[PDB]
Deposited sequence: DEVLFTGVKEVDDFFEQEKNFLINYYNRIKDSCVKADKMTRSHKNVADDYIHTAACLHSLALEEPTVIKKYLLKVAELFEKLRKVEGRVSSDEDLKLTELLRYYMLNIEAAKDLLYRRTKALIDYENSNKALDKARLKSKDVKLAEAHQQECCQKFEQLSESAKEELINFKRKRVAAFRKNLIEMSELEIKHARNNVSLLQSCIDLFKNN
């Protein structure tokens, strides 16, 4: 059965690809919250700068500082949802791969046990035990693949919806502000 052979190579390689994309997703999200921090830090300087100033513009500054205070809320939200849908998904299956790896390790162990009794013959149980594991192993590994495809599609869909939600939110927020100034 070459299924457990190719499966061994796939899991080993995919784990490194999963771990790599996990740390990269984390760094990206963390950089998002950084930009989110500057948003509130900028709205503060804007609000503090609009104090002493002619009244004509003074009101204009308070509208942009109020805008940045809200934009910082959406940026911190997209970073959170980004960590939950992407980074967490890669996290989950980085450990899930390690579990499937352990399954293959145990199966091969029981295989050598049957391989030993296969070279002697009165304890052929190593053969029955090897098949009790080889069957459940392939049954679980295939169960893993099916669960991984649904998880990726589930998160990829939800993330897309959330990204569109915040994107439209910021568009309306900015839009109202621009249309407000254009029509003083």
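Residues of the deposited sequence lacking C-alpha coordinates, counted from 1, fall in the stretches 1 to 11, 133 to 147.
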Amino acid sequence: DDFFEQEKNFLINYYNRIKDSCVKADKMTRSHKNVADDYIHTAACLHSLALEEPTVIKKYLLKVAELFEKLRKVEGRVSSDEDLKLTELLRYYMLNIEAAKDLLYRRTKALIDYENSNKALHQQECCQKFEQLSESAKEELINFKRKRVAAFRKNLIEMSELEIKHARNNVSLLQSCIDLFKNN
From here on, numbers count along this sequence of modelled residues.
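Stretches compared: 7 to 15, 160 to 168. Higher mean C-alpha B-factor in the entry: 7 to 15.
When the two stretches 108 to 116 and 95 to 103 are set side by side, the higher mean Cα temperature factor goes to 108 to 116.
Within the group 28, 133, 151, 36, the record's highest C-alpha temperature factor is found at 133. Highest C-alpha temperature factor among 58, 138, 145, 32, as the PDB entry reports it: 58.
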